[PDB]
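K.L.:
need the 3D shape of this:
(chains A, B, C, D, E and F)
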Amino acid sequence: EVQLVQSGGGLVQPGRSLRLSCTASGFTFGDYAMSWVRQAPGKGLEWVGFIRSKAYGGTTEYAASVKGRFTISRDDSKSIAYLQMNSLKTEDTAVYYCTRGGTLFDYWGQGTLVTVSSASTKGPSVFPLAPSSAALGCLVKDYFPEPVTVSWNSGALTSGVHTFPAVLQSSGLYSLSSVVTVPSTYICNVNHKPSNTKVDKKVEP
Amino acid sequence: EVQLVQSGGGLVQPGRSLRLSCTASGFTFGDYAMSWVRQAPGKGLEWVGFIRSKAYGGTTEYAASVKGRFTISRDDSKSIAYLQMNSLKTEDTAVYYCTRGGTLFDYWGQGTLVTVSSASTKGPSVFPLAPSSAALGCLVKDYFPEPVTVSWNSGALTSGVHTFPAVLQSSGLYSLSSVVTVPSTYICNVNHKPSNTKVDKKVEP
Amino acid sequence: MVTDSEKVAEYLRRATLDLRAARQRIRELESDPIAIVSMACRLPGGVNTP
Amino acid sequence: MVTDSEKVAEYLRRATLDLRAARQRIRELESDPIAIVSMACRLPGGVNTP
Amino acid sequence: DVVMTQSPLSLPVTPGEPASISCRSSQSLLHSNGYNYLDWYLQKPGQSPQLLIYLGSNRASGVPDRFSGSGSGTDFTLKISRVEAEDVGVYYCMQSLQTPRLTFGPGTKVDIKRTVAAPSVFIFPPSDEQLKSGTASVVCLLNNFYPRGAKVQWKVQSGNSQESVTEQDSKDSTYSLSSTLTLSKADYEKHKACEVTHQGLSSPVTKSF
Amino acid sequence: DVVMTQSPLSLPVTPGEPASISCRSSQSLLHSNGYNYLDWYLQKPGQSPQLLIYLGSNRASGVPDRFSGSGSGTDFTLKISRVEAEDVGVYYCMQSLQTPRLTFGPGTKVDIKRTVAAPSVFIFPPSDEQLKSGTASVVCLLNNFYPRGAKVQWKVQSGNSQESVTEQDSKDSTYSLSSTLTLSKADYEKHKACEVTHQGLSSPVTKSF
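P.N.:
Numbering: from 1, shown residues only, chains lettered A, B, ... in the order given. Shown next is the protein structure:
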């Protein structure tokens, strides 16, 4: 069966380089144009570039925002398409998809997250969101990199819980908040593996 | 299932007119260009003309040999394609095929024989082809129209028999010959329905 | 003469009709509806017709 | 930018691949080869293996 | 002379029942070869995009046959004969007359139909543990509403708030939102609320310290 | 600038075994869209033509899958994996780069392979019943030969003979031919034979009154 297996991304600093790969199996890679498409967190899909098959000249095209920084190449013997990314910028942060086809995108890779940041690893700070007069939560602020997990009462309370997508602050550090509803014994358990940080905090007025 | 049912041909005199029809069933006739192709007896297939579907303008094209004498039309309500043939000439004698498609001829009618001749109905003359020293036959000469059948010994002898395709002579009358091989009691039975003519003839030196 | 688009229309039509016939064939082999055209029976108490 | 022929190549390819997959599916349902992977037996005279 | 498509911004659907997504282009997509150069894609949440329909009405092998497409010229429809819950996500109609396509556009956000519900709003103040640091985070929560599109304004403001939204809940089929206003402990002491809007509300709603 | 195809004139085949028909065009048939505009047709004896292969290598629904096509540019092959006896007839390769096609051409005549056989020649003289009429028919028969292509000449001549050939015999797989020289009883008395050729003969063959 057709497979497009993507690798090679991760965390990178501004100005530096990364090469993404898409390793194809189960079809004749050399007969297809291959395209790259990216999706910034919570945004739409933006075309990055594509490379033609040898049958049509093997040439590339690029979005104006990446032209002169990114280049696409292919190895038809190994069945790999590459995205070489130089001079990376924070707004290049995105999930990068490889897809078969230059016009009809009939099979897509699983995506590769590329995060461009100059930030250092940093454990979060937890702060309570307490009531007064049926809803409380925790604020998990100022950490890097993602992710951070949040349970309540060591996974005993799930009903009414809403853990929100992290947001990236102007400082380069992430922050999310978890909340739950109950009227009228309430701890949020926050776990940030990359800095080996664990925290429990009680919420009351 | 797809069907193309042809009708409307037969015998016609030079200078006169015939309209052939091709009645389609089992597909959307109005979506296809329709073509006419003809085959003179014992010869190759010659393109006569075609008509486009309404989606491409409904217009026609014609071989130079029939242009100004033949016209193609279509009735998309009845699913019929027509070949109107005027000013017919002897060399128009042929089996006329209707086919679906203007470029790809993916389904063909069964064909309609059109014979252009000024000849009158005429029973054949039979004459023997006798040996001297293992092969004999009959010559069935000067009849119109086709066909004429030939058995030997009222269908008792079949082995070694070869009844030949009729040939059209410069006079406008047909002639065939039947033969059979036997060494060292031999009659050919010739039947020409159109003139109600039957004949048996003995072959010996 | 026929343009390139007019010829492509006929070829692509044949390919999609080939596909349609193949898909119909799959669905017949897998899930063609089956008519019950009649019934008959012998059951207790003289129940000898449906 | 991609020409009209380059785009047609991709669409027609998808249609012929769809057809090929459908035809393969038909042939599996109708005539897929079946492996005999093993055998066993009890037969007269103590013939208790193949 | 750039060729764009537009589809509805959102479309609630009901499993068991049909759904239709319309698409309009700025220019006919009908080619001389007889086909409309319009393809349909779907991106399910947390998944990569996938092809559904190509050249207007052709269904790619492996796509469920409850999906079909039709239309011609400038007007197109993706039809789902009977929606399944797994069909939620973002649908995109993409023209192929003019290439490259620089963006897929906003697409049509398909989610589970339910009765409108208004946001149960809450305001939380900065903690004292945080004020000891040197910065103040005040949160305004809009819980369990439908459909998406709840807006928030602050009045202690612009350029110092960030918002986040959940995915549609698997149980009640609603969304929740959190906004977070951020100022320094300085600028915070120098004053002494959040205004919500939403279609499920009779009129705007405020919550102050 | 007219685009022609050529295929072999004849091709004996053996049921049970493969067969290949080659095709060469005067010009590449490869289009920018990647396909070769070359279709294959078959006309069985006494039947109408039928499509086999389109755009070089696509087999139309309902055609037996023992037929395939390949090639590119100017060189193409129709392959039959295992010939059946029902496959005899005339095969045509037809380019579609340039339209209309005015003719299908001579095509490739496929018939049943067998060992060469020479024509058993016979000459028959005009009957007396016919001479009483006023015309003279003298027949020269070439019986059971293979392959087709037996030629006949007369020497009592040109423009006063007609020939006819059978289809390949269902039993022995050979052909037979009849030529018929026609002159008036006048021009017939004014003289007092037929020369055959054929590959199965060592040298030409004559038969005189």
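K.L.:
and whichever residue of chain E sits closest to chain F, which helix or strand is it part of?
P.N.:
For chain E and chain F, the shortest gap (CB to the nearest CB) falls at residue E:33, measuring 10.1 Å. (C-beta placed from N, C-alpha, C; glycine too.) Residue E:33 belongs to no helix or strand when assigned by DSSP states H and E.
K.L.:
correct me, but it touches residue D:7?
P.N.:
No - assessed by CB atoms under 8 Å, residue E:33 is found out of contact with residue D:7, at 10.4 Å.
K.L.:
and for residue A:175, nearest residue in space, chain neighbours not counted?
P.N.:
residue A:141 (4.5 Å; CB to CB, 6 or more residues apart in numbering or on different chains).
K.L.:
where's that neighbour relative to residue A:190, distance?
P.N.:
10 Å (CB to CB, to the nearest Å).
K.L.:
those two: which is more packed in?
P.N.:
When residue A:141 and residue A:190 are compared for neighbours, residue A:190 comes out ahead with 24 against 21, by other CB atoms under 10 Å in any protein chain shown.
K.L.:
what does chain E have sitting close to chain D?
P.N.:
For chain E, the residues in contact with chain D (CB under 8 Å from any CB of the partner chain) are E:31, E:33, E:35, E:37, E:54-55, E:58, E:60-62, E:96, E:98-100.
K.L.:
quick revisit: who touches both of residue A:141 and residue A:190?
P.N.:
Common contacts of residue A:141 and residue A:190 (CB atoms under 8 Å, 6 or more residues apart in numbering or on different chains): A:124, A:126.
K.L.:
tell me the one of the residues of chain E next to chain D nearest residue A:185?
P.N.:
Set against residue A:185, the nearest of those by CB to CB is residue E:62 (50.6 Å).
K.L.:
mind listing what the residue nearest to the spatial centre of chain E touches?
P.N.:
For chain E, residue E:109 is the residue whose C-alpha lies nearest the centre (CA atoms, centre = their mean; 5.0 Å). If you count contacts by CB under 8 Å, 6+ apart, residue E:109 has them with E:9, E:10, E:11, E:89, E:90, E:148.
K.L.:
could you check how far the third one is from residue E:64?
P.N.:
Read it as residue E:11. Distance of residue E:11 to residue E:64, given as CB to CB: 18 Å.
K.L.:
neighbour count winner among these two?
P.N.:
More crowded of residue E:11 and residue E:64, by other CB under 10 Å: residue E:11, with 18 against 13.
K.L.:
doesn't that one belong to a helix?
P.N.:
No - Residue E:11: not assigned to a helix; according to DSSP: H, G, I helix; E, B strand; the rest coil it is strand.
K.L.:
could you chop chain E up by domain?
P.N.:
According to curated CATH domains, chain E comprises the domains E:1-113, E:114-209.
K.L.:
regarding the longest one, how distant is the last residue from the first?
P.N.:
One end of domain E:1-113 sits 38 Å from the other (CA to CA, to the nearest Å).
K.L.:
same thing with the last one?
P.N.:
The distance separating the two terminal residues of domain E:114-209, taken as CA to CA, comes to 33 Å.
K.L.:
check stretch E:166-185 too.
P.N.:
Stretch E:166-185 end-to-end distance (CA to CA) = 29 Å.
K.L.:
go on, stretch A:67-86?
P.N.:
10 Å.
K.L.:
partners of the residue nearest to residue A:175 in the sheet?
P.N.:
Taking DSSP bridges, one obtains residue A:125, residue A:175 as the residues bridged to residue A:141.
K.L.:
where's it relative to residue B:55, distance?
P.N.:
With distances taken as CB to CB, residue A:141 is found 64 Å from residue B:55.
K.L.:
ditto for residue E:29
P.N.:
Relative to residue B:55, and taking CB to CB, residue E:29 is found at 16 Å.
K.L.:
who has more neighbours out of those two?
P.N.:
residue E:29 (26 against 13).
K.L.:
before we move on, back to that, which one of the contacts of residue E:109 is nearest to residue F:45?
P.N.:
residue E:89 (59.3 Å).
K.L.:
so residue C:9 is in which element?
P.N.:
With DSSP H and E as the test, residue C:9 turns up in helix C:4-31.
K.L.:
state the distance from the closest residue to chain F within chain A to chain C.
P.N.:
Chain A approaches chain F most closely through residue A:55 (6.9 Å), counting by CB to the nearest CB. Distance of residue A:55 to chain C, given as CB to the nearest CB, to the nearest Å: 18 Å.
K.L.:
briefly note if the helix holding residue C:9 comes near chain A.
P.N.:
No - using CB under 8 Å from any CB, helix C:4-31 stays clear of chain A, coming no nearer than 13.8 Å.
K.L.:
so what secondary structure elements neighbour that helix?
P.N.:
Judged by 3 or more CB pairs under 8 Å, 6 or more residues apart in numbering or on different chains; DSSP states H and E, helix C:4-31 is in contact with helix D:4-31, strand F:58-59.
K.L.:
do the shortest one and chain C meet?
P.N.:
Yes - among the residues of strand F:58-59, residue F:58 lie within reach of chain C under CB under 8 Å from any CB.
K.L.:
which strands border that strand, and is each parallel or antiparallel?
P.N.:
strand F:50-54 (antiparallel).
K.L.:
which ones among the residues of chain E next to chain D lie within strands?
P.N.:
E:54, E:58 (DSSP state E).
K.L.:
need the buried ones from the residues of chain E next to chain D selected in ChimeraX.
P.N.:
Here is the ChimeraX command that selects the buried residues among these (16 or more other CB atoms under 10 Å in any protein chain shown):
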select /E:31,33,35,37,54,55,58,60,61,96,98,99,100
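K.L.:
looking at the residues of chain E next to chain D, spot the one nearest chain C.
P.N.:
Closest to chain C, out of all of those and judged by CB to the nearest CB, is residue E:33, at 4.1 Å.
K.L.:
now do the contacts for the closest one.
P.N.:
Residues near residue E:33 by CB under 8 Å, 6+ apart: C:5, C:6, C:8, C:9, C:12, D:8.
K.L.:
just the buried ones from those?
P.N.:
Looks like those have C:6, C:8, C:9, C:12, D:8 buried, using 16+ other CB under 10 Å.
K.L.:
closest to chain A among those?
P.N.:
For the buried ones among the contacts of residue E:33, the nearest to chain A is residue D:8 (9.3 Å; CB to the nearest CB).
K.L.:
how about the contacts made by that closest one?
P.N.:
Residue D:8 neighbours (CB under 8 Å, 6+ apart): C:8, E:33, F:33.
K.L.:
again, 6 Å this time
P.N.:
Residue D:8 is in contact with residue F:33, counting by CB atoms under 6 Å, 6 or more residues apart in numbering or on different chains.
K.L.:
kindly provide the distance from the residue of chain A found nearest chain C to residue D:2.
P.N.:
Ranking the residues of chain A by distance to chain C (CB to the nearest CB) places residue A:104 first, at 13.8 Å. Using CB to CB, one gets 10 Å for the distance from residue A:104 to residue D:2.
K.L.:
these two: who's more crowded?
P.N.:
A side-by-side neighbour count of residue A:104 and residue D:2, using other CB under 10 Å, places residue A:104 first with 23 against 20.
K.L.:
can you give me phi and psi for the more buried one?
P.N.:
phi -100, psi 110 (degrees, to the nearest 10).
K.L.:
what's the distance between the closest residue to it other than its chain neighbours and chain C?
P.N.:
Spatial nearest neighbour of residue A:104, excluding adjacent residues (CB to CB, 6+ apart): residue D:10 at 4.5 Å. Applying CB to the nearest CB, the value for residue D:10 to chain C is 12 Å.
K.L.:
burial count for residue D:10?
P.N.:
What residue D:10 shows, counting by other CB under 10 Å, is a neighbour count of 22.
K.L.:
how about residue E:5?
P.N.:
Applying other CB under 10 Å, I find that residue E:5 has 21 neighbouring residues.
K.L.:
returning to what we had before: most widely separated two among the residues of chain E next to chain D?
P.N.:
Across these (CB to CB), the longest gap, 28.1 Å, separates E:62 and E:98.
K.L.:
so the residue most central in space within chain A bridges to which residues?
P.N.:
For chain A, residue A:113 is the residue whose C-alpha lies nearest the centre (CA atoms, centre = their mean; 4.1 Å). Beta-bridge pairing for residue A:113 (DSSP bridges): residue A:95.
K.L.:
understood, closing this out.
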